[PDB]
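Report on one structure; see the data block that follows.
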Amino acid sequence: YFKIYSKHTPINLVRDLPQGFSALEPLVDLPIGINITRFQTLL
Amino acid sequence: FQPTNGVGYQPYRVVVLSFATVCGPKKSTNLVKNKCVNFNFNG
Ligand SMILES: *[C@@H]1O[C@H](CO)[C@@H](O)[C@H](O)[C@H]1NC(C)=O
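Protein sequences, first through last, are from chains A and B.
So the first sequence is numbered by the numbering used here: it starts at 1 and just counts up by one.
So the second sequence is numbered by the numbering used here: it starts at 44 and just counts up by one.
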């Protein structure tokens, strides 16, 4: 099972991550069986 | 594969499969409230 857990929040700063807490919630849970050792971003 | 052949040597309307990515279908009952009952929800 490949997983994604995810969150959205408002912010006001680009150059650091927030010193505040909010947990990430599941949206993908698929028994794809493919192992993962590498990745690349799309933008 | 002629339609005129007897069902032994005639063409095969035939196929097979194994039963996780998928499983056989769950049945369900009414949601019998307030009584003492045996139950299954989602397994
Ligand atoms: C994932 O790794 C195992 C060995 O740990 C390997 O047997 C399996 O084939 C790999 N998965 C895929 C999709 O190849």
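For each residue, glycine too, the CB sits at the ideal point set by N, CA and C.
- Here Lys-69/B carries a coil assignment [DSSP, helix/strand/coil].
- Separation of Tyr-5/A and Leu-30/A (C-alpha to C-alpha, rounded to the nearest whole angstrom) is 12 Å.
- Counting along the chain, the unbroken beta strand (DSSP E) around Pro-26/A starts and ends at 25–30.
- Restricting attention to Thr-9/A, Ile-11/A, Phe-39/A and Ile-32/A, the CA atom closest to the CA of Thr-64/B is found in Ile-32/A.
- DSSP places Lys-3/A inside the beta strand (DSSP E), whose first and last residues are 2–6.
- The criterion of a C-beta distance shorter than 9 Å is satisfied by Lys-7/A and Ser-22/A.
- If you draw a straight line from the Cα of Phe-39/A to the Cα of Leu-60/B, it comes to about 35 Å.
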